[PDB]
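Heads up, entry-v5.txt below (compact mmCIF, N, CA and C atoms):
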# COMPACT_ATOMS: atom_id res chain seq x y z
N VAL A 1876 0.00 -63.64 -25.69
CA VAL A 1876 1.21 -64.13 -26.33
C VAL A 1876 0.91 -64.54 -27.76
N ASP A 1877 -0.34 -64.91 -28.03
CA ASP A 1877 -0.66 -65.47 -29.34
C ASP A 1877 -0.81 -64.37 -30.38
N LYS A 1878 -1.58 -63.34 -30.06
CA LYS A 1878 -1.70 -62.20 -30.97
C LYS A 1878 -0.37 -61.46 -31.08
N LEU A 1879 0.46 -61.55 -30.05
CA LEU A 1879 1.82 -61.06 -30.17
C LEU A 1879 2.64 -61.96 -31.09
N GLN A 1880 2.36 -63.26 -31.07
CA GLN A 1880 3.13 -64.18 -31.91
C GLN A 1880 2.78 -64.01 -33.38
N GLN A 1881 1.61 -63.45 -33.66
CA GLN A 1881 1.32 -63.07 -35.04
C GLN A 1881 2.21 -61.91 -35.46
N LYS A 1882 2.53 -61.02 -34.53
CA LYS A 1882 3.23 -59.80 -34.90
C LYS A 1882 4.69 -60.06 -35.22
N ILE A 1883 5.33 -60.98 -34.49
CA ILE A 1883 6.71 -61.32 -34.78
C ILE A 1883 6.81 -62.03 -36.13
N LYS A 1884 5.77 -62.77 -36.50
CA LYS A 1884 5.73 -63.33 -37.84
C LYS A 1884 5.53 -62.23 -38.87
N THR A 1885 4.65 -61.27 -38.59
CA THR A 1885 4.28 -60.34 -39.65
C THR A 1885 5.30 -59.22 -39.77
N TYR A 1886 6.19 -59.06 -38.79
CA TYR A 1886 7.37 -58.24 -39.06
C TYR A 1886 8.39 -59.01 -39.87
N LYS A 1887 8.61 -60.28 -39.53
CA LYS A 1887 9.72 -61.03 -40.11
C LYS A 1887 9.49 -61.29 -41.59
N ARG A 1888 8.23 -61.39 -41.99
CA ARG A 1888 7.93 -61.48 -43.41
C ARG A 1888 7.85 -60.10 -44.04
N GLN A 1889 7.86 -59.05 -43.22
CA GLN A 1889 7.86 -57.71 -43.77
C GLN A 1889 9.27 -57.22 -44.01
N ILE A 1890 10.20 -57.58 -43.13
CA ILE A 1890 11.57 -57.11 -43.32
C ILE A 1890 12.23 -57.85 -44.47
N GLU A 1891 11.74 -59.04 -44.80
CA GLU A 1891 12.33 -59.81 -45.89
C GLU A 1891 11.99 -59.17 -47.23
N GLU A 1892 10.79 -58.62 -47.35
CA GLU A 1892 10.50 -57.79 -48.51
C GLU A 1892 11.25 -56.48 -48.41
N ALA A 1893 11.49 -56.01 -47.18
CA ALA A 1893 12.11 -54.71 -47.01
C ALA A 1893 13.58 -54.76 -47.37
N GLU A 1894 14.23 -55.90 -47.20
CA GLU A 1894 15.61 -55.98 -47.64
C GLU A 1894 15.66 -56.19 -49.14
N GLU A 1895 14.64 -56.84 -49.70
CA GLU A 1895 14.66 -57.12 -51.13
C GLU A 1895 14.42 -55.85 -51.93
N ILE A 1896 13.56 -54.95 -51.43
CA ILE A 1896 13.36 -53.69 -52.12
C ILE A 1896 14.60 -52.82 -51.97
N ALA A 1897 15.39 -53.08 -50.94
CA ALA A 1897 16.73 -52.51 -50.92
C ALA A 1897 17.63 -53.26 -51.88
N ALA A 1898 17.49 -54.59 -51.93
CA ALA A 1898 18.44 -55.40 -52.69
C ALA A 1898 18.28 -55.19 -54.19
N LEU A 1899 17.03 -55.15 -54.67
CA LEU A 1899 16.79 -54.87 -56.08
C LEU A 1899 17.25 -53.47 -56.42
N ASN A 1900 17.18 -52.56 -55.46
CA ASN A 1900 17.63 -51.21 -55.73
C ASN A 1900 19.14 -51.12 -55.71
N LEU A 1901 19.82 -52.15 -55.20
CA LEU A 1901 21.27 -52.17 -55.32
C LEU A 1901 21.68 -52.56 -56.73
N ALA A 1902 20.81 -53.29 -57.43
CA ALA A 1902 21.21 -53.90 -58.68
C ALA A 1902 21.39 -52.86 -59.77
N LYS A 1903 20.54 -51.83 -59.76
CA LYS A 1903 20.64 -50.79 -60.78
C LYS A 1903 21.92 -50.00 -60.61
N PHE A 1904 22.42 -49.88 -59.38
CA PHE A 1904 23.70 -49.22 -59.18
C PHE A 1904 24.83 -50.08 -59.71
N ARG A 1905 24.65 -51.40 -59.69
CA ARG A 1905 25.63 -52.23 -60.37
C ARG A 1905 25.43 -52.15 -61.87
N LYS A 1906 24.20 -51.87 -62.31
CA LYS A 1906 23.95 -51.77 -63.74
C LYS A 1906 24.56 -50.51 -64.31
N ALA A 1907 24.44 -49.40 -63.59
CA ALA A 1907 24.96 -48.14 -64.08
C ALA A 1907 26.47 -48.14 -64.10
N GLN A 1908 27.09 -48.84 -63.16
CA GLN A 1908 28.54 -48.96 -63.18
C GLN A 1908 28.98 -49.85 -64.33
N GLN A 1909 28.13 -50.78 -64.74
CA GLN A 1909 28.48 -51.63 -65.87
C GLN A 1909 28.35 -50.85 -67.17
N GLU A 1910 27.31 -50.03 -67.28
CA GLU A 1910 27.03 -49.38 -68.55
C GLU A 1910 27.96 -48.20 -68.77
N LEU A 1911 28.53 -47.65 -67.69
CA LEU A 1911 29.48 -46.56 -67.85
C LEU A 1911 30.77 -47.03 -68.50
N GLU A 1912 31.24 -48.22 -68.13
CA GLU A 1912 32.51 -48.70 -68.66
C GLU A 1912 32.41 -49.09 -70.13
N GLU A 1913 31.25 -49.58 -70.57
CA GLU A 1913 31.09 -49.80 -72.00
C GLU A 1913 30.80 -48.50 -72.72
N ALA A 1914 30.36 -47.48 -71.98
CA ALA A 1914 30.26 -46.15 -72.57
C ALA A 1914 31.62 -45.48 -72.62
N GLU A 1915 32.47 -45.73 -71.62
CA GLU A 1915 33.76 -45.05 -71.58
C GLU A 1915 34.71 -45.66 -72.60
N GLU A 1916 34.67 -46.97 -72.79
CA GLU A 1916 35.52 -47.57 -73.81
C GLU A 1916 34.99 -47.28 -75.20
N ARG A 1917 33.72 -46.90 -75.30
CA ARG A 1917 33.25 -46.27 -76.53
C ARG A 1917 33.84 -44.87 -76.67
N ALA A 1918 34.00 -44.17 -75.55
CA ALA A 1918 34.40 -42.77 -75.60
C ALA A 1918 35.87 -42.61 -75.97
N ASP A 1919 36.76 -43.35 -75.30
CA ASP A 1919 38.19 -43.16 -75.53
C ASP A 1919 38.63 -43.74 -76.87
N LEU A 1920 37.79 -44.57 -77.48
CA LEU A 1920 38.01 -44.94 -78.87
C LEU A 1920 37.78 -43.74 -79.79
N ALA A 1921 36.91 -42.82 -79.38
CA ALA A 1921 36.56 -41.71 -80.25
C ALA A 1921 37.50 -40.53 -80.06
N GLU A 1922 37.99 -40.32 -78.84
CA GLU A 1922 38.84 -39.16 -78.57
C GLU A 1922 40.19 -39.28 -79.26
N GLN A 1923 40.68 -40.50 -79.45
CA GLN A 1923 41.92 -40.67 -80.19
C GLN A 1923 41.68 -40.53 -81.69
N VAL B 1876 6.92 -63.60 -22.40
CA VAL B 1876 6.69 -62.27 -22.94
C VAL B 1876 7.93 -61.41 -22.74
N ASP B 1877 8.70 -61.69 -21.69
CA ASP B 1877 9.91 -60.92 -21.43
C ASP B 1877 10.99 -61.22 -22.47
N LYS B 1878 10.98 -62.42 -23.03
CA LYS B 1878 11.96 -62.72 -24.06
C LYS B 1878 11.48 -62.26 -25.42
N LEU B 1879 10.17 -62.07 -25.59
CA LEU B 1879 9.67 -61.65 -26.89
C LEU B 1879 9.64 -60.14 -27.02
N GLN B 1880 9.38 -59.43 -25.92
CA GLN B 1880 9.17 -57.99 -26.02
C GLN B 1880 10.47 -57.24 -26.25
N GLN B 1881 11.60 -57.88 -25.96
CA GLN B 1881 12.87 -57.29 -26.37
C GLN B 1881 13.11 -57.53 -27.85
N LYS B 1882 12.57 -58.62 -28.39
CA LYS B 1882 12.86 -58.96 -29.78
C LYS B 1882 12.01 -58.13 -30.72
N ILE B 1883 10.80 -57.76 -30.30
CA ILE B 1883 9.98 -56.89 -31.14
C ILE B 1883 10.59 -55.50 -31.19
N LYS B 1884 11.34 -55.12 -30.15
CA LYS B 1884 12.13 -53.91 -30.24
C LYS B 1884 13.31 -54.12 -31.18
N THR B 1885 13.82 -55.35 -31.25
CA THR B 1885 15.01 -55.60 -32.05
C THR B 1885 14.71 -55.57 -33.53
N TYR B 1886 13.65 -56.27 -33.95
CA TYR B 1886 13.31 -56.31 -35.36
C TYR B 1886 12.84 -54.94 -35.83
N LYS B 1887 12.11 -54.22 -34.98
CA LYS B 1887 11.66 -52.89 -35.36
C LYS B 1887 12.83 -51.93 -35.43
N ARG B 1888 13.89 -52.20 -34.69
CA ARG B 1888 15.11 -51.42 -34.89
C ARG B 1888 15.76 -51.79 -36.21
N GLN B 1889 15.61 -53.04 -36.64
CA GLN B 1889 16.28 -53.46 -37.86
C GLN B 1889 15.56 -52.94 -39.09
N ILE B 1890 14.23 -52.98 -39.09
CA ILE B 1890 13.50 -52.51 -40.26
C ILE B 1890 13.52 -50.99 -40.32
N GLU B 1891 13.78 -50.34 -39.18
CA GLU B 1891 14.03 -48.90 -39.21
C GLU B 1891 15.47 -48.60 -39.59
N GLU B 1892 16.33 -49.62 -39.61
CA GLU B 1892 17.60 -49.44 -40.30
C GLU B 1892 17.47 -49.84 -41.76
N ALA B 1893 16.49 -50.68 -42.08
CA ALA B 1893 16.44 -51.26 -43.41
C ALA B 1893 16.02 -50.24 -44.46
N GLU B 1894 14.92 -49.54 -44.22
CA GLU B 1894 14.33 -48.65 -45.22
C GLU B 1894 15.24 -47.45 -45.45
N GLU B 1895 15.97 -47.04 -44.43
CA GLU B 1895 16.93 -45.96 -44.61
C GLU B 1895 18.16 -46.42 -45.37
N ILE B 1896 18.49 -47.71 -45.28
CA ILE B 1896 19.55 -48.24 -46.14
C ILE B 1896 19.10 -48.22 -47.59
N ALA B 1897 17.82 -48.50 -47.82
CA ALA B 1897 17.29 -48.45 -49.18
C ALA B 1897 17.25 -47.03 -49.70
N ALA B 1898 17.14 -46.05 -48.81
CA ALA B 1898 17.05 -44.66 -49.23
C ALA B 1898 18.37 -44.18 -49.82
N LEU B 1899 19.47 -44.42 -49.10
CA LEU B 1899 20.77 -43.99 -49.60
C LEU B 1899 21.19 -44.82 -50.80
N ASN B 1900 20.71 -46.06 -50.87
CA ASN B 1900 21.07 -46.92 -51.98
C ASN B 1900 20.37 -46.47 -53.25
N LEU B 1901 19.22 -45.82 -53.11
CA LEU B 1901 18.61 -45.18 -54.27
C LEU B 1901 19.29 -43.87 -54.56
N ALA B 1902 19.84 -43.23 -53.53
CA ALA B 1902 20.39 -41.89 -53.69
C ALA B 1902 21.67 -41.91 -54.52
N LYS B 1903 22.37 -43.04 -54.54
CA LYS B 1903 23.56 -43.13 -55.37
C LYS B 1903 23.18 -43.28 -56.84
N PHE B 1904 22.24 -44.18 -57.13
CA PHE B 1904 21.83 -44.49 -58.49
C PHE B 1904 21.17 -43.30 -59.15
N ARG B 1905 20.43 -42.52 -58.36
CA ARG B 1905 19.88 -41.26 -58.86
C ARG B 1905 20.99 -40.29 -59.23
N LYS B 1906 22.07 -40.28 -58.45
CA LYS B 1906 23.22 -39.48 -58.82
C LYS B 1906 23.97 -40.12 -59.97
N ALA B 1907 23.99 -41.46 -60.02
CA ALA B 1907 24.83 -42.14 -60.99
C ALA B 1907 24.22 -42.09 -62.38
N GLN B 1908 22.92 -42.35 -62.50
CA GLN B 1908 22.32 -42.47 -63.82
C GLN B 1908 22.23 -41.12 -64.51
N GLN B 1909 22.11 -40.05 -63.72
CA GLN B 1909 21.96 -38.71 -64.27
C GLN B 1909 23.22 -38.27 -65.01
N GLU B 1910 24.40 -38.57 -64.45
CA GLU B 1910 25.62 -38.23 -65.17
C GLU B 1910 25.87 -39.21 -66.30
N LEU B 1911 25.30 -40.41 -66.21
CA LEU B 1911 25.40 -41.34 -67.33
C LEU B 1911 24.52 -40.89 -68.49
N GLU B 1912 23.41 -40.21 -68.18
CA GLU B 1912 22.63 -39.57 -69.24
C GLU B 1912 23.42 -38.43 -69.87
N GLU B 1913 24.27 -37.77 -69.09
CA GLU B 1913 25.12 -36.74 -69.66
C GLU B 1913 26.24 -37.37 -70.48
N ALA B 1914 26.64 -38.59 -70.15
CA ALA B 1914 27.83 -39.17 -70.75
C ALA B 1914 27.51 -39.94 -72.03
N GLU B 1915 26.33 -40.57 -72.10
CA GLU B 1915 26.07 -41.47 -73.22
C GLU B 1915 25.77 -40.71 -74.50
N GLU B 1916 25.37 -39.45 -74.38
CA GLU B 1916 25.11 -38.65 -75.57
C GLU B 1916 26.42 -38.24 -76.23
N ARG B 1917 27.50 -38.21 -75.44
CA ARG B 1917 28.81 -37.94 -76.00
C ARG B 1917 29.22 -39.03 -76.98
N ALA B 1918 28.85 -40.28 -76.69
CA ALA B 1918 29.22 -41.38 -77.57
C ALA B 1918 28.40 -41.35 -78.85
N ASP B 1919 27.14 -40.94 -78.76
CA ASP B 1919 26.28 -40.97 -79.94
C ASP B 1919 26.63 -39.84 -80.90
N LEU B 1920 27.02 -38.68 -80.37
CA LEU B 1920 27.46 -37.59 -81.25
C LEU B 1920 28.80 -37.93 -81.88
N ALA B 1921 29.65 -38.66 -81.15
CA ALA B 1921 30.93 -39.07 -81.71
C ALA B 1921 30.74 -40.12 -82.79
N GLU B 1922 29.69 -40.93 -82.66
CA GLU B 1922 29.47 -42.03 -83.60
C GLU B 1922 29.06 -41.50 -84.97
N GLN B 1923 28.12 -40.55 -85.00
CA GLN B 1923 27.70 -39.97 -86.26
C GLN B 1923 28.78 -39.06 -86.84
N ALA B 1924 29.72 -38.61 -86.00
CA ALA B 1924 30.80 -37.76 -86.48
C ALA B 1924 31.81 -38.56 -87.28
N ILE B 1925 32.27 -39.69 -86.73
CA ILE B 1925 33.36 -40.43 -87.36
C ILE B 1925 32.87 -41.17 -88.59
N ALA B 1926 31.65 -41.71 -88.53
CA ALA B 1926 31.10 -42.47 -89.66
C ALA B 1926 30.87 -41.57 -90.87
N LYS B 1927 30.49 -40.32 -90.62
CA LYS B 1927 30.47 -39.33 -91.70
C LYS B 1927 31.88 -38.99 -92.14
N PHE B 1928 32.82 -39.01 -91.20
CA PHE B 1928 34.20 -38.63 -91.50
C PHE B 1928 34.97 -39.79 -92.12
N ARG B 1929 34.36 -40.98 -92.17
CA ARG B 1929 35.09 -42.19 -92.56
C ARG B 1929 35.46 -42.19 -94.04
N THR B 1930 34.54 -41.75 -94.90
CA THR B 1930 34.73 -41.92 -96.34
C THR B 1930 35.81 -40.99 -96.88
Starting from the file, lay out its structure as structure tokens.
Amino acid sequence: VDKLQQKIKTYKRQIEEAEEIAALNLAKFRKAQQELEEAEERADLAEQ
Amino acid sequence: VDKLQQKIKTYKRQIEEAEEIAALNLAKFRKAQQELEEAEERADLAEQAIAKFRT
């Protein structure tokens, strides 16, 4: 039970990094959606 | 052990959902940034066009 109790700890600290490497990778998708709108309002200023 | 051995199946099911969630979440940004590279050059060519056309 004890060497098994190490494993439940070492997964639980592994999934927390595993969600964060997902979470940080979500941020760039929010970044690209932000940079498109400042690019698009640059664009429609030019087309007129 | 009977209460723990179901949970090690549970967390391993979750981290096998986790990394695949990260995969598709990268797959959007890879699609997103590439068209933004196509789009941002449109603004820079327009910028040098109008500023030359300004005078």
Problem - Residues near range 1887-1902 of chain A, cut-off 7 Å, all atoms listed in the file, skip fewer than 4 positions along chain, as an NGL selection string - result: (:A and (1882-1883 or 1906-1907)) or (:B and (1890 or 1893-1894 or 1896-1898 or 1900-1901))
Just need the box for range 1880-1899 of chain B, edges along x, y and z, holding every atom the file lists for it with 4 Å tacked onto each side, so centre and edge lengths in Å to one decimal, as AutoDock Vina command-line options.
--center_x 15.2 --center_y -51.7 --center_z -38.4 --size_x 20.0 --size_y 23.4 --size_z 32.9
Exercise for the section: Kindly give the distance, in Å, that separates atom C of residue 1919 in chain B and CA of residue 1907 in chain B, rounded to a single decimal. Expected result: 20.1 Å
Exercise for the section: For CA of residue 1891 in chain B and CA of residue 1885 in chain A, quote the distance in Å rounded to one decimal. Expected result: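 Atom-to-atom, CA of residue 1891 in chain B to CA of residue 1885 in chain A, that is 15.0 Å.
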Fill in the blank from the handout: Correct to one decimal, the distance CA of residue 1923 in chain A-atom N of residue 1912 in chain B is 22.1 Å
Practice task
Rank nothing, just name the residue among B:1877, B:1904, B:1916, B:1923 nearest to chain A, using all atoms listed in the file.
Solution key: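 The answer is B:1904, which sits nearest to chain A.
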